[PDB]
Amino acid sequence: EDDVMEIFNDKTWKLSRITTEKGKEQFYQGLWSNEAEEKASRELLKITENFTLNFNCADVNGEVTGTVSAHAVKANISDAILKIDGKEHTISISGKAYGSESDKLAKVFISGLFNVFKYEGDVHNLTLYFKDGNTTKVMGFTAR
């Protein structure tokens, strides 16, 4: 079960891609409507603190629990309820984001995190599988 606690081990997961289940492209087709929208999202993605994900342990209700926190651009996920199983490689994030997003990449990032169902990863990489309607997409992350 050390594979699960390596996800919490003093690291911030930075978004690197949002694509289809077995796609080689960085972003799935139709995420943006034009080049200017994509360009503006890519500039927001270059900012260090934007599109981050953190697995932390916190003292909630007189007991320490593992939760998920994330920051897109203007919206935050703070101490979302986490279910994670190292044997079955399943994951579930429950709660609601604080703040609203105008950027399409930020909207996809926040919605996708609450729809995660399974994952895979190592020390430096994390892949989260999420359902987007009838499809299955993946959010890729990196940790320095």
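A residue's number is simply how far along the shown sequence it sits, counting from 1.
- A summary of the deposited B-factors shows that, of 97 to 105 and 56 to 64, the stretch with the larger mean C-alpha value is 56 to 64.
- Annotation for residue 112: C-alpha temperature factor in the lowest third relative to the rest of the modelled chain, per the entry.
- Sort the chain's modelled residues by C-alpha temperature factor and residue 69 lands in the lowest third, per the entry.
- When the CA B factors of the chain's modelled residues are split into thirds, the value for residue 139 lands in the lowest one.
- The deposited CA B-factor of residue 89 belongs to the highest third of values across its chain.
- Sort the chain's modelled residues by C-alpha temperature factor and residue 126 lands in the middle third, per the entry.
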